[PDB]
Amino acid sequence: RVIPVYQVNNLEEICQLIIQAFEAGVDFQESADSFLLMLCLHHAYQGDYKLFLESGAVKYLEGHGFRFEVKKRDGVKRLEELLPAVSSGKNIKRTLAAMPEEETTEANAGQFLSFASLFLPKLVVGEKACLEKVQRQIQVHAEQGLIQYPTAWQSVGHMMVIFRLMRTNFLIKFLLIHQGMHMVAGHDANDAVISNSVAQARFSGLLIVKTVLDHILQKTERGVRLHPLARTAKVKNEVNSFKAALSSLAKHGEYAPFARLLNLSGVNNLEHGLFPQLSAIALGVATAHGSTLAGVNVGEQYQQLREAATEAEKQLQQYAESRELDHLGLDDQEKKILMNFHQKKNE
Amino acid sequence: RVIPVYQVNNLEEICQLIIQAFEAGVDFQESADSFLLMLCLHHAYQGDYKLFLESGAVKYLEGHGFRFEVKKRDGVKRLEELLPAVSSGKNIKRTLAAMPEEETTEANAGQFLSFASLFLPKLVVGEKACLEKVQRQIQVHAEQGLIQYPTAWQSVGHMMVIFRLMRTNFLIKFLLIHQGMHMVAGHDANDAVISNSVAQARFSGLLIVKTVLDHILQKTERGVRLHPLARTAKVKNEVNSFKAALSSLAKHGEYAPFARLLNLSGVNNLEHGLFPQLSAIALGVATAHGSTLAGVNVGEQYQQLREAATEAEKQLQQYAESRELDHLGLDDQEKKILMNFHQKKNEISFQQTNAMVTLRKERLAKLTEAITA
Amino acid sequence: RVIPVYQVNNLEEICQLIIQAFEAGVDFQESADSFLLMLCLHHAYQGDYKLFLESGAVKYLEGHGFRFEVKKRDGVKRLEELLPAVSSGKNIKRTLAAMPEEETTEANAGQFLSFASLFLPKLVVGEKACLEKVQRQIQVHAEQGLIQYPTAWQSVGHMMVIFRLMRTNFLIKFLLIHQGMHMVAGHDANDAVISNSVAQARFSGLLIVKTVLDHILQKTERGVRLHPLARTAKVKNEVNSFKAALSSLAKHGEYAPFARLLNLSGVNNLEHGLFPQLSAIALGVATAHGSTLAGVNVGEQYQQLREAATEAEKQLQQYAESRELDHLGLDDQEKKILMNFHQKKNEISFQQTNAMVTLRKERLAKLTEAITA
Amino acid sequence: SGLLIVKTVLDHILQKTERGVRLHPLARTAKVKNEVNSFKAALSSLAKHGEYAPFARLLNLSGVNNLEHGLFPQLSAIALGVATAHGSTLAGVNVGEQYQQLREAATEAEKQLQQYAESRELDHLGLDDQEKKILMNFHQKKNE
């Protein structure tokens, strides 16, 4: 509801020792909410309170109502001046005492925020996918050599420090992508992971629906309309229900590629169990378009649908360009080439 | 019954004090009768008493019982010598003295009649959606860039009087619509709004009725005849009564698009509940013909007859325009194309993108979110 | 109704004070009626009262009800003896005395009418895109190198008056367009802009309507007849009403390209929503004929009829001009070439470079980036 | 560098016209319509960055993220065949074996285009018709 923000003098000593506590791996419930605000304030906003104040992301969740208040700290020598309300935080002040408040290692905010951004696309998906991807995202950003982290940060237990953290703190996650997709002109190798991670994280878990977005919705002035297979009354009650949830969906607006991390109402109003034939339509059409959706996520009831949804759509791809290319400008022998070429490419 | 006509000069003074009445918002059902008739005289009839007198619609008016009688007046300082009431005419003078008898406005008789003409094509709808359409036509005629209004005429209780005021007078509706269709208009920006208003007032609240003659009666080169759904007996006694309602309707000449407002006998027989089968039938036709009407509803027993006849008409649209092909002068290349063109009209497919359609419906629902809020 | 004509000499003094009015920006709907009529008299009619009087369009004007009456005037110091209003004519004099009655400009009556002629071919569009087209025609006639304007005429609120001013007067549009087509023009650089304006004002906002007669009516050596899409009954009652709209349209003679501006009866029946099927049909034709119109949209139920009839017309373009070959006098070498020429017209191929096309679209999108910003 | 996949598609698919570049003859197939319209839009965003498009994969602005061969999984497979058909010799095959059937024939019918073109083209050019039959043989002998 209400989330306090802090006012410090030295960013870097305070911000890194926060990370040292996450290098210690101690948990926080409302404390890390105010803490990670200073990290983008250090990295993306350079300590500028006004630039943080004029941020549209701040206006976005105060548009949801998540308001703020400044806390002036000038005795910056610790993290134990950042708890004005306790409410469970007696353990928090002990864990701050349990970690070295005065012994520092190598860190930076954007170094950690890029490290924080690693866990984004597979958080809501699954830890095993978060295990496979991020370790390969360690590989890919090492194959480019874009940024290098300590191997202590490569600890799978240290992954659990963040994986539990990012599942709780959503407030921080919108700030990364507001830095990511909205105000993108930067050149930080930290942010270069982050902005690429935004592209990595689009429609994650909504990808089932986003495939149905690709194939069924057919854009018209009076709203999108049906696919030719979606004109079958078999799925009429589905696609009208699918219309209504989608009508609710972009009320949340631009951040629909990140709704499964936003997790508002339409996310609950959208599951493949709610649309058990539609993805099975879409998954076949995906391979028929060569769209290559990962994983089959339905029962074997729908595989018979999932088979032919490739097939007749390929028969649509048969019937279309057999009719289409006749009007286009070429030789008719080149047509018979391209008739053969379209036959040879599918054997 | 008989409403007195006022013979008086300095009508430019007179019409401004009539503007001084309804800007103050004083309401009359007796004195404002003859007052607004002067606005037709000064603006539309240009002050000519004879042109007012020689109007055949006034002869159509006095031929029914609404007669006139000349009043010589010369005391132009106030509208209080102009009162046809003796009983409540004292109560009229109490309201007139409260508002200033000594002011003029930057509006003429022409603006305020055209301002009243705004209220015409939605009178049977209600207070709100008429004034909403007025609030449309304030900005619609702004898109026309035509004659603009005082912000004192943007007042609610100002305009609420006028919708009530046009609910009162049978006559001042009937002459103002006669200004539209009969003489050619648009020569004045006031009269153009009137000419816009009359064209919008054609069959207001009556497109239920008006499309039936368009659709049940079948226009051919020998008259009007039965529709294929009209040829059944399943509706029969509705339609013959409706033609009897039409026979009561068409006897009045050109004012059949106004008989809803201009209360006559046949419009009482003209009710959607009185023809509950037919109302969805032409609705099923015109939607299949693309001429569909918004905001109209179907009887709960009657949703049966809407959807199938809609398809059946499209089957007639499949039948007739295909039967049109071998009928008229053409050839085999032309026909086979127009068969395909008949099927090209029958789009059963769009082809879209994938990744733009992501952002499209993202914008399109955002477009819907911007239109609604 | 009747607008007074002013018999007065020293019109060179008169027209400059009319320029002094609208450069100051004072607005009238009563006094500026007869004022701009003098500009036709002094510039176009060369001061000749009889040539003004003997004009058949004025006889077409006075034949409808807009009559004239001669006013002897000799007090040329100011336009304040020239006022046809007695009621608000005092409020006219308050606006006239505020601006200087004692200045002249380097513009004549001829420039300002032609400056007003700029506002003509986009009047039904709106304030902006007309004035944008005016801001085009400022530089377009600069590319012509023709008559140039004061920078005081480049003022916005100066020009905003005039678009509102031409929204007012039915008459001063009607005479200024009569100067274009009827007498031969271009002899004066003022009248050439007028001659440019009238040619652009042909069917302004009406190429929806105008192309339909071009495309639905089929021009042959025995009249105009049905298009192959017009031969179906699927649209039928639109087109017969449209010819009835055309019968209401063509009765006015030469002013049918101006009936949108010059408000008449048929243009009320002339609406794209009133013919929603046909509007995409000729759009599908003319785009297939390459005569496509920009900025025009399709009904949401109507995108079906656009694309297939577009192909179907090209199939007719495949059919007819191939049927043209064996029809007319030619031979086998000629035909086989023109078959190939029919296919040479049907480019289904470009061949480009590789490494220049790199820099080409690098420049071409940079060209697009330079055009847009 | 790294845009060379796209730069090959730049070479073969974009066909320069006044109203923007247009399709290749194989790109007129509606198979890739949703691809090439999407490929149009990213390319429309691309030269907003301007002259340094040969170095965008080292610039790494937005269109670099908006351009991968995974986004265009048939288009390079079209282009790679046409590359060898033009002899353009692109290094490496960077798609799945789904596309090799496309990557095969994209050489083939384009060579059939190279068959059909100069068999029609050279007829109007200025030479002896025996020299034509030489060059007909020469174009046949050069491909065996």
# chains A, B, ... in the order shown; residues from 1 in each chain; ligands from 1

$ interface_residues --of "chain D" --to "chain C" --cutoff "7 Å" --atoms "only C-alpha atoms" --output "list in words"
residues 10, 11, 12, 15, 16, 20, 21, 25, 44, 47, 48 and 50 of chain D

$ closest_atom_pairs --of "range 85-106 of chain B" --to "range 88-104 of chain C" --cutoff "12 Å" --atoms "only C-alpha atoms" --output "tab-separated table"
residue	atom	partner	partner_atom	distance
B:104	CA	C:88	CA	9.4
B:105	CA	C:88	CA	9.2
B:106	CA	C:88	CA	7.7

$ closest_atom_pairs --of "chain B" --to "chain C" --cutoff "7 Å" --atoms "only C-alpha atoms" --output "CSV"
residue,atom,partner,partner_atom,distance
B:12,CA,C:87,CA,6.4
B:143,CA,C:126,CA,6.3
B:144,CA,C:124,CA,6.7
B:145,CA,C:167,CA,6.5
B:146,CA,C:167,CA,6.0
B:186,CA,C:263,CA,5.2
B:187,CA,C:170,CA,5.6
B:189,CA,C:168,CA,6.3
B:317,CA,C:234,CA,6.2
B:320,CA,C:233,CA,6.8
B:321,CA,C:232,CA,5.0
B:324,CA,C:232,CA,5.8
B:333,CA,C:319,CA,6.9
B:337,CA,C:312,CA,5.9
B:341,CA,C:309,CA,5.5
B:344,CA,C:308,CA,4.3
B:345,CA,C:305,CA,4.3
B:346,CA,C:304,CA,6.2
B:347,CA,C:304,CA,4.8

$ residues_around --residues "residue 215 in chain A" --least-positions-apart "2" --cutoff "12 Å" --atoms "only C-alpha atoms" --output "ChimeraX atom specification"
/A:208-213,217-219,224-230,278-289,291,309,313 /B:350-358 /D:34

$ residues_around --residues "residue 92 in chain D" --least-positions-apart "5" --cutoff "12 Å" --atoms "only C-alpha atoms" --output "ChimeraX atom specification"
/D:2,4-5,76-77,80-81,83-84

$ interface_residues --of "chain A" --to "chain C" --cutoff "10 Å" --atoms "only C-alpha atoms" --output "list in words"
residues 220, 221, 222, 223, 325, 326, 327, 328, 329, 330 and 331 of chain A

$ write_last_selection --atoms "N, CA, C and O atoms" --output "CSV table (one decimal), in the first residue's frame"
chain,number,residue,atom,x,y,z
A,220,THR,N,-9.6,-6.3,-37.1
A,220,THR,CA,-10.6,-5.6,-37.8
A,220,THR,C,-10.9,-4.3,-37.0
A,220,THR,O,-10.6,-4.2,-35.9
A,221,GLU,N,-11.6,-3.4,-37.7
A,221,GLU,CA,-12.0,-2.1,-37.2
A,221,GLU,C,-12.9,-2.2,-35.9
A,221,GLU,O,-12.7,-1.5,-35.0
A,222,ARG,N,-13.7,-3.3,-35.9
A,222,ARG,CA,-14.7,-3.5,-34.8
A,222,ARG,C,-14.1,-4.5,-33.8
A,222,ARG,O,-14.8,-5.4,-33.3
A,223,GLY,N,-12.8,-4.4,-33.5
A,223,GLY,CA,-12.1,-5.4,-32.7
A,223,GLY,C,-11.5,-6.4,-33.6
A,223,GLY,O,-11.9,-6.6,-34.8
A,325,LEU,N,-0.1,-16.5,-56.3
A,325,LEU,CA,1.0,-16.1,-57.1
A,325,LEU,C,0.7,-16.0,-58.6
A,325,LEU,O,1.5,-15.4,-59.4
A,326,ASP,N,-0.5,-16.4,-58.9
A,326,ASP,CA,-1.1,-16.3,-60.3
A,326,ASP,C,-1.2,-14.8,-60.7
A,326,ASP,O,-1.0,-14.5,-61.9
A,327,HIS,N,-1.5,-13.9,-59.7
A,327,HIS,CA,-1.7,-12.5,-60.1
A,327,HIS,C,-0.3,-11.8,-60.0
A,327,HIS,O,-0.3,-10.6,-60.4
A,328,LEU,N,0.7,-12.4,-59.4
A,328,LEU,CA,1.9,-11.6,-59.2
A,328,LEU,C,2.8,-11.7,-60.4
A,328,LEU,O,2.6,-12.5,-61.3
A,329,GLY,N,3.8,-10.8,-60.5
A,329,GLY,CA,4.5,-10.5,-61.7
A,329,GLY,C,5.7,-11.4,-61.9
A,329,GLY,O,6.8,-11.2,-61.3
A,330,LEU,N,5.5,-12.5,-62.7
A,330,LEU,CA,6.6,-13.4,-63.0
A,330,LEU,C,6.3,-14.3,-64.3
A,330,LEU,O,5.1,-14.2,-64.8
A,331,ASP,N,7.2,-15.1,-64.7
A,331,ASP,CA,6.9,-16.0,-65.8
A,331,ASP,C,6.2,-17.2,-65.3
A,331,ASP,O,6.3,-17.6,-64.1

$ interface_residues --of "chain A" --to "chain D" --cutoff "8 Å" --atoms "only C-alpha atoms" --output "PDB file with C-alpha atoms, in the first residue's frame"
ATOM      1  CA  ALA A 185      18.947   5.067 -24.870  1.00  0.00           C
ATOM      2  CA  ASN A 196      18.012  -7.739 -23.681  1.00  0.00           C
ATOM      3  CA  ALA A 199      13.220  -8.946 -24.757  1.00  0.00           C
ATOM      4  CA  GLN A 317      -0.779 -22.740 -47.284  1.00  0.00           C
ATOM      5  CA  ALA A 320      -3.352 -19.833 -50.807  1.00  0.00           C
ATOM      6  CA  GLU A 321      -0.173 -19.400 -52.829  1.00  0.00           C
ATOM      7  CA  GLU A 324      -2.093 -16.053 -54.896  1.00  0.00           C
ATOM      8  CA  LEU A 325       1.015 -16.147 -57.096  1.00  0.00           C
ATOM      9  CA  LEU A 328       1.917 -11.647 -59.170  1.00  0.00           C
ATOM     10  CA  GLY A 329       4.481 -10.543 -61.724  1.00  0.00           C
ATOM     11  CA  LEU A 330       6.594 -13.424 -63.034  1.00  0.00           C
ATOM     12  CA  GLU A 334       8.874 -19.519 -62.986  1.00  0.00           C
ATOM     13  CA  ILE A 337       9.298 -23.553 -60.721  1.00  0.00           C
ATOM     14  CA  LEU A 338       7.729 -21.965 -57.648  1.00  0.00           C
ATOM     15  CA  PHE A 341       9.680 -25.139 -55.200  1.00  0.00           C
ATOM     16  CA  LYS A 344       9.933 -29.552 -52.992  1.00  0.00           C
ATOM     17  CA  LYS A 345      10.305 -27.544 -49.787  1.00  0.00           C
ATOM     18  CA  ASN A 346       7.703 -29.712 -48.071  1.00  0.00           C
ATOM     19  CA  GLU A 347       8.635 -32.984 -49.872  1.00  0.00           C
TER      20      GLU A 347
END

$ select_by_dssp --residues "range 26-104 of chain B" --states "helix (DSSP H, G or I)" --output "ChimeraX atom specification"
/B:31-44,49-53,56-62,79-81,89-98

$ atom_distance --atom1 "CA of residue 23 in chain B" --atom2 "CA of residue 82 in chain B"
18.7 Å

$ atom_distance --atom1 "CA of residue 5 in chain C" --atom2 "CA of residue 70 in chain C"
5.0 Å

$ residues_around --residues "range 72-79 of chain B" --least-positions-apart "3" --cutoff "8 Å" --atoms "only C-alpha atoms" --output "VMD selection string"
chain B and resid 6 to 10 13 to 14 17 to 18 82 to 83 96 101 to 102

$ select_by_dssp --residues "range 127-329 of chain B" --states "strand (DSSP E)" --output "list in words"
residues 217, 218, 219, 220, 223, 224, 225 and 226 of chain B

$ closest_residue --among "A:72, A:110, A:60, A:67" --to "residue 46 in chain A" --atoms "only C-alpha atoms"
A:110

$ residues_around --residues "residue 34 in chain A" --least-positions-apart "5" --cutoff "9 Å" --atoms "only C-alpha atoms" --output "ChimeraX atom specification"
/A:3-6,82

$ write_last_selection --atoms "N, CA, C and O atoms" --output "compact mmCIF listing (two decimals), in the first residue's frame"
# COMPACT_ATOMS: atom_id res chain seq x y z
N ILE A 3 4.76 2.60 0.59
CA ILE A 3 6.14 2.11 0.51
C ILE A 3 7.06 3.31 0.74
O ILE A 3 7.11 4.22 -0.10
N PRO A 4 7.81 3.36 1.84
CA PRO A 4 8.70 4.50 2.08
C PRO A 4 9.93 4.43 1.17
O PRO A 4 10.41 3.34 0.85
N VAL A 5 10.41 5.59 0.76
CA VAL A 5 11.65 5.70 0.00
C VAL A 5 12.66 6.41 0.90
O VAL A 5 12.28 7.08 1.87
N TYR A 6 13.94 6.23 0.61
CA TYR A 6 15.01 6.69 1.48
C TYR A 6 15.77 7.85 0.84
O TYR A 6 15.76 8.03 -0.38
N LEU A 82 17.51 1.98 8.72
CA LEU A 82 16.54 1.95 7.64
C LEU A 82 15.29 1.15 8.01
O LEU A 82 14.60 0.64 7.12

$ atom_distance --atom1 "CA of residue 212 in chain B" --atom2 "CA of residue 254 in chain B"
17.7 Å

$ residues_around --residues "residue 339 in chain C" --least-positions-apart "5" --cutoff "9 Å" --atoms "only C-alpha atoms" --output "ChimeraX atom specification"
/C:322,325,334,344

$ decode --residues "range 74-129 of chain D" --atoms "C-alpha atoms" --output "short mmCIF file (atom, residue, chain, number, x, y, z; two decimals), in the first residue's frame"
data_model
loop_
_atom_site.label_atom_id
_atom_site.label_comp_id
_atom_site.auth_asym_id
_atom_site.auth_seq_id
_atom_site.Cartn_x
_atom_site.Cartn_y
_atom_site.Cartn_z
CA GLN D 74 12.62 -18.97 -43.50
CA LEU D 75 13.95 -15.72 -44.91
CA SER D 76 17.64 -16.45 -44.53
CA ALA D 77 16.87 -20.00 -45.65
CA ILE D 78 15.44 -18.36 -48.73
CA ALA D 79 18.44 -16.03 -48.88
CA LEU D 80 21.14 -18.65 -48.23
CA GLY D 81 20.02 -20.70 -51.21
CA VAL D 82 19.78 -17.60 -53.40
CA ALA D 83 23.24 -16.65 -52.09
CA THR D 84 24.82 -19.81 -53.47
CA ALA D 85 22.57 -19.48 -56.52
CA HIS D 86 24.09 -16.05 -57.02
CA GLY D 87 27.37 -17.48 -55.77
CA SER D 88 27.35 -15.03 -52.87
CA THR D 89 28.89 -17.68 -50.56
CA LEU D 90 27.47 -16.94 -47.11
CA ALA D 91 29.51 -18.46 -44.31
CA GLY D 92 27.76 -21.03 -42.14
CA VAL D 93 24.27 -22.48 -42.02
CA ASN D 94 22.47 -21.08 -39.01
CA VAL D 95 19.01 -22.72 -39.08
CA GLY D 96 17.45 -26.03 -38.20
CA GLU D 97 17.08 -28.91 -40.61
CA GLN D 98 13.44 -27.88 -41.02
CA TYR D 99 14.63 -25.19 -43.39
CA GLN D 100 17.21 -27.12 -45.43
CA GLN D 101 14.46 -28.26 -47.80
CA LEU D 102 13.76 -24.59 -48.32
CA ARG D 103 17.51 -23.90 -48.30
CA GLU D 104 17.94 -26.49 -51.05
CA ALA D 105 15.36 -25.25 -53.54
CA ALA D 106 16.17 -21.58 -52.93
CA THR D 107 19.31 -22.32 -54.88
CA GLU D 108 17.38 -24.37 -57.40
CA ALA D 109 14.48 -22.30 -58.73
CA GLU D 110 16.62 -19.18 -58.49
CA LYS D 111 19.02 -20.99 -60.79
CA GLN D 112 15.91 -21.77 -62.84
CA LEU D 113 15.34 -18.03 -62.70
CA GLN D 114 18.92 -17.60 -63.90
CA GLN D 115 18.03 -20.20 -66.52
CA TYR D 116 14.86 -18.41 -67.58
CA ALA D 117 16.24 -14.87 -67.48
CA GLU D 118 19.25 -14.87 -69.79
CA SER D 119 17.56 -17.37 -72.07
CA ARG D 120 15.04 -14.58 -72.57
CA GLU D 121 17.37 -11.61 -72.03
CA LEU D 122 20.26 -12.14 -74.45
CA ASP D 123 17.91 -12.43 -77.44
CA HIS D 124 17.57 -8.66 -77.58
CA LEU D 125 21.26 -7.94 -77.04
CA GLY D 126 23.65 -7.28 -79.90
CA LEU D 127 25.45 -10.42 -81.07
CA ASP D 128 25.39 -13.26 -83.59
CA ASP D 129 22.83 -15.99 -83.08
#
